[PDB]
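Student:
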Amino acid sequence: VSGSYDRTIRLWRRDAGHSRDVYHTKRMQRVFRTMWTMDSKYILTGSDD
Amino acid sequence: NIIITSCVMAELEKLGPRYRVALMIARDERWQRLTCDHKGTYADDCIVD
Amino acid sequence: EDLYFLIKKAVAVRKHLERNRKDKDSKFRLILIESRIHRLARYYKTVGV
Amino acid sequence: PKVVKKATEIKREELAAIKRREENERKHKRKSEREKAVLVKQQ
Amino acid sequence: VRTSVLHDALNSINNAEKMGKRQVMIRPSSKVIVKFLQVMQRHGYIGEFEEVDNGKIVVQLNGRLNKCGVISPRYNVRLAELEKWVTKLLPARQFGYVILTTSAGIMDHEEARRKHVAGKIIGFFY
Amino acid sequence: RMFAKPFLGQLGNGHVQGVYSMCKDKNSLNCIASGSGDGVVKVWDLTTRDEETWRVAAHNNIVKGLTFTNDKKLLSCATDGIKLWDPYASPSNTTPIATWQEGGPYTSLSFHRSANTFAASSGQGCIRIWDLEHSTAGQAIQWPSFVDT
Amino acid sequence: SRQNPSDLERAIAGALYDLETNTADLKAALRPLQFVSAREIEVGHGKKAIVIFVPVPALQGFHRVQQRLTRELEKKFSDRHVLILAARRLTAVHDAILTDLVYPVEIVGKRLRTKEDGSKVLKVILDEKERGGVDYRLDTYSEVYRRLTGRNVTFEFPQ
RNA sequence: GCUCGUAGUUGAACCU
RNA sequence: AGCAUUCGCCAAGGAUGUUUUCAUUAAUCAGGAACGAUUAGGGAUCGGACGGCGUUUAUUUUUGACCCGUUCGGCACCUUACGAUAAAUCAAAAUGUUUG
Ligand SMILES: [Zn+2]
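Protein chains in written order, with our numbering: chain A, 1 to 49; chain B, 1001 to 1049; chain C, 2001 to 2049; chain D, 3001 to 3043; chain E, 4001 to 4126; chain F, 5001 to 5149; chain G, 6001 to 6159.
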């Protein structure tokens, strides 16, 4: 997972090269931190909103 | 005591970072966050309901 | 210094118009360089010279 | 969204030009695009 | 002619903050600018700077910065009327600061009242 | 594509200013802490997401570093230095229980897996090694003539 | 003249006399030169450093020869770093002290950066074209400059 | 129609 | 307002580059006068300077035409406005809805 300076989370694989899925809302401003939970199912997003 | 529904903070957050001052004054932690549960996030019908 | 090439250029344009006094756009070049004579003669007179 | 779509289109066209003049300025093996990350390596 | 190096530099901060840039390049430097960035950096609204002379000021900035101020008529301000001036400049008094030119240095208005000095309003930033 | 609904939700009423550092407990799964741009750190539980478990105005500018220790305690870096907090105490202590400022402008922070040790990325181009409960000042390791943050 | 010379200032002047007789095949700065001034302070610990000073307008007179002159000085005296420096009587004074420290390659650019507080560090970039012994002596240039003038600088080749 | 131009107007930084 | 054959002469002027200098001379306009801070880059346009993992001039060195890169300086197109706002005007009417 990567959190962008603009309004997007990028879901990648280890061996992908291009983004498996992308995440955005209108209410999420600038994602500064993005980390997993400790089962690998959910992803957790701290933004500038 | 002023109460601010999550429809209202939802609409202020949907309005872009032009209004980041109005959001940062709207999330005053003094105030009663009145959590609503209905699908719309439409403030005028939440308030009249 | 600069002022001698200014008066060489300016009196040269004056001699050109004294060869033909009907070239009015070169007469405008004369009033440009004469305006520079008023300018740098004024400022470099107020330096002390 | 709209701004991310526009800006990644602008990045596509800009990298298209930069690789175009990269190939012309080459023209007048290669180095791999993963090898064009490590600038230097100190001991 | 734009002799206002501060108004130019802070137009660069404003427009290259709404742009979504992540560092600006300000080649006309000063000491009012560097001390202005000392204050804003001390309150964390710009990330970092670095001056590399030829007078380049490179400002790694963060992103929360709403608006940095452009007051040209730098007025004297009483310490008793400074509440009126700060409540006219800042959109909310707990958000942002007002850059004061004092004889004890240049600092925010809250630290200016921590040192009990009245000065001159030059800036605001929030 | 039809059932791509990725958004679960929101950890309660959130912070006031933007969340600029957050961390997770590698031993738990639901201890989520996040420090915004007021210094105020908050601690949530992922089961109980309508409200935060703990809340303190920890620093003044922002919270740069944030991590959990191996026992239950957290750690925060800011420009004001670094504080060690007990988020889980039955007398709920809003006051910190350790601090460090010998160093410099600490700009991030990370914690060891097994043994009680953490390092902080400073502003002097250095990282500090603290081994908890028997270290006053951390060991300093830096690249020898290194200047940048 | 100005100084009552030390035993090691007359060891340096003794090396100057040893570059007046039984030597090269060159004397453009070796034939007129007398004693001026010298100091000698450690580079950290382990080895010391030797500096001499300059009568101010004669810096082109010390640009008569300095290449291989400091090589003869480092051979014949104490195997330590030998450095020339101009003492004067502050801005362009100490900037000129820096440009007299690093004499072959001139300064490219002063990079005084700050950290996320009031702190700030000066670090000036020097041109790449001479690096071989300069990466050795660059610590000595920095710590000589803070041990003598007083402020905190570091030097770097740019990237 | 445009241009030069004066009073006026605003006057680079740098130096306990 | 305008500027269209060739050639000569007369002076200006622009642009580039320099290893050039008195060093504030600067910037905008009442009184008056002659003539009638970035957009965000891409692809093209020339006017230079530098370079060539290329042809041709060339009997081979100059040299020039073509192709490429950097680079400035301008005349316009296109989208998004970085925004605006009085709209019909826009890469400027961007800075008249958190005005300094
Ligand atoms: Zn509702």
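Positions of the beta carbon are idealized from the N, C-alpha and C atoms, including for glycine.
Excluding the 5 residues flanking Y1019(B) on each side, which residues of the same chain have their C-beta closer than 7 Å to its C-beta?
Tutor: The residues are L1012.
Student: With three or more beta-carbon pairs closer than 8 Å as the criterion, would you say the stretch 4107–4123 of chain E touches the stretch 5015–5026 of chain F?
Tutor: The stretch 4107–4123 of chain E is not in contact with the stretch 5015–5026 of chain F.
Student: With respect to the beta strand (DSSP E) encompassing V6054(G), which residues constitute its N-terminal and C-terminal limits?
Tutor: Looking at the DSSP string, the run of the beta strand (DSSP E) that includes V6054(G) is 6048–6054.
Student: Could you have a look at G2048(C) and say whether DSSP puts it in helix, strand or coil?
Tutor: In this structure, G2048(C) counts as coil in the three-state DSSP scheme.
Student: Could you pull out every residue in the same chain whose Cβ sits closer than 6 Å to the Cβ of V1008(B), ignoring the five residues on either side in sequence?
Tutor: Excluding sequence neighbours, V1008(B) sits near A1043.
Student: Would you call the CB atoms of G5037(F) and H5059(F) closer than 7 Å?
Tutor: Taking 7 Å as the Cβ cut-off, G5037(F) and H5059(F) do not qualify as a contacting pair.
Student: Here's the rule I'm using: 16 or more other beta-carbon atoms within 10 Å means buried, otherwise exposed. How should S5122(F) be labelled?
Tutor: That one is buried.
Student: Using only the heavy atoms of ligand 1, determine whether one of them is closer than 6 Å to the beta carbon of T1005(B).
Tutor: True, at least one ligand heavy atom lies under 6 Å from that Cβ.
Student: Check whether the stretch 6081–6095 of chain G and the stretch 6050–6063 of chain G touch, using three or more Cβ-Cβ pairs below 8 Å as the test.
Tutor: With the cut-off at 8 Å, the stretch 6081–6095 of chain G and the stretch 6050–6063 of chain G touch.
Student: Should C1046(B) be listed as close to ligand 1, given that the test is whether its C-beta is under 6 Å from any heavy atom?
Tutor: Yes, ligand 1 has a heavy atom inside 6 Å of this Cβ.
Student: Beta carbon of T6114(G), beta carbon of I6107(G): below 7 Å?
Tutor: For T6114(G) and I6107(G), no; Cβs fall outside 7 Å.
Student: Contact between the stretch 4030–4049 of chain E and the stretch 4074–4085 of chain E is defined here as three or more beta-carbon pairs at a separation below 8 Å; is this criterion met?
Tutor: As far as the Cβ criterion goes, the stretch 4030–4049 of chain E does not touch the stretch 4074–4085 of chain E, which means the pair count is below three.
Student: Where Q29(A) and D48(A) are concerned, what is the direct C-alpha to C-alpha distance, given to the nearest angstrom?
Tutor: Distance between the alpha carbons of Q29(A) and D48(A): 5 Å.
Student: Reducing DSSP to helix, strand and coil, say where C1046(B) ends up.
Tutor: Note: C1046(B) maps to helix in three-state DSSP.
Student: Compare the Cα-Cα distances from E6040(G) to each of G6133(G), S6006(G), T6091(G) and report the closest residue.
Tutor: It is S6006(G).
Student: Starting from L5011(F), follow the beta strand (DSSP E) in both directions and report where the run begins and ends.
Tutor: Looking at the DSSP string, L5011(F) is not in any beta strand (DSSP E), and its letter there is neither H nor E.
Student: With a threshold of 16 other CB atoms inside 10 Å of the CB of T5048(F), please say whether the residue is buried or exposed.
Tutor: With fewer than 16 Cβ atoms within 10 Å of its Cβ, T5048(F) is classed as exposed.
Student: Let me know the secondary structure DSSP gives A2041(C) once reduced to three states.
Tutor: Note: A2041(C) maps to helix in three-state DSSP.
Student: CB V5019(F) to CB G3(A), shorter than 7 Å?
Tutor: No, the Cβ-Cβ distance between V5019(F) and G3(A) is not below 7 Å.
Student: Hey, quick one: how far does the beta strand (DSSP E) through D5131(F) stretch, first residue to last?
Tutor: It spans 5126–5131 - the beta strand (DSSP E) in which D5131(F) sits, taken as one unbroken run.
Student: Where does the unbroken beta strand (DSSP E) through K5024(F) begin, and where does it stop?
Tutor: 5021–5024 is the extent of the beta strand (DSSP E) around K5024(F).
Student: Checking 7 Å against the spacing of the C-beta atoms, do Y6141(G) and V6105(G) come in under that value?
Tutor: Not closer than 7 Å, so no.
Student: Looking at the structure shown, is residue 4127(E) part of a helix, part of a strand, or coil, going by DSSP?
Tutor: Limits of chain E in this structure are 4001 at one end and 4126 at the other, which puts residue 4127(E) out of reach.
Student: In this structure, what does DSSP give as the bridge partners for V6036(G)?
Tutor: For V6036(G), which the question treats as bridged, DSSP gives no partner whatsoever.
Student: I'd like the list of long-range same chain contacts for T1035(B), defined as Cβ closer than 7 Å, with 5 residues on each side in sequence excluded.
Tutor: Same-chain partners within the cutoff: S1006.
Student: Excluding sequence positions up to five away, which residues of its chain have a Cβ less than 8 Å from the Cβ of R27(A)?
Tutor: Cβ neighbours of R27(A) beyond the five flanking positions: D49.
Student: Quick one: what does DSSP say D6007(G) is sitting in, helix, strand or coil?
Tutor: Looking at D6007(G) - three-state DSSP - the assignment turns out to be coil, as it is neither helix nor strand.
Student: Checking 7 Å against the spacing of the C-beta atoms, do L4090(E) and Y4045(E) come in under that value?
Tutor: Not closer than 7 Å, so no.
Student: Do you know whose CA, among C4068(E), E4051(E), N4014(E), lies nearest residue 4169(E)'s CA?
Tutor: No statement about residue 4169(E) is possible, as the shown extent of chain E runs from 4001 to 4126 and does not include it.
Student: When every heavy atom of ligand 1 is checked, does at least one fall within less than 6 Å of the C-beta of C1036(B)?
Tutor: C1036(B) Cβ: within cutoff of ligand 1.
Student: Listed in chain order, which residues of the stretch 5–28 of chain A have Cβ atoms closer than 8 Å to some Cβ of chain D?
Tutor: Cβ contacts with chain D come from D6, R7, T8, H24, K26.
Student: Between which two residues does the alpha helix (DSSP H) harbouring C1007(B) extend?
Tutor: Per DSSP, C1007(B) belongs to the alpha helix (DSSP H) from 1006–1014.
Student: With DSSP as the reference, identify every bridge partner of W5044(F), one or two as the case may be.
Tutor: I5032(F).
Student: Checking the sheet assignment: what are the DSSP bridge partners for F5118(F)?
Tutor: For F5118(F), which the question treats as bridged, DSSP gives the partners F5111(F), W5130(F).
Student: Against chain G, with Cβ distances strictly below 7 Å, would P5087(F) count as a contact?
Tutor: By this cut-off, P5087(F) is not an interface position.
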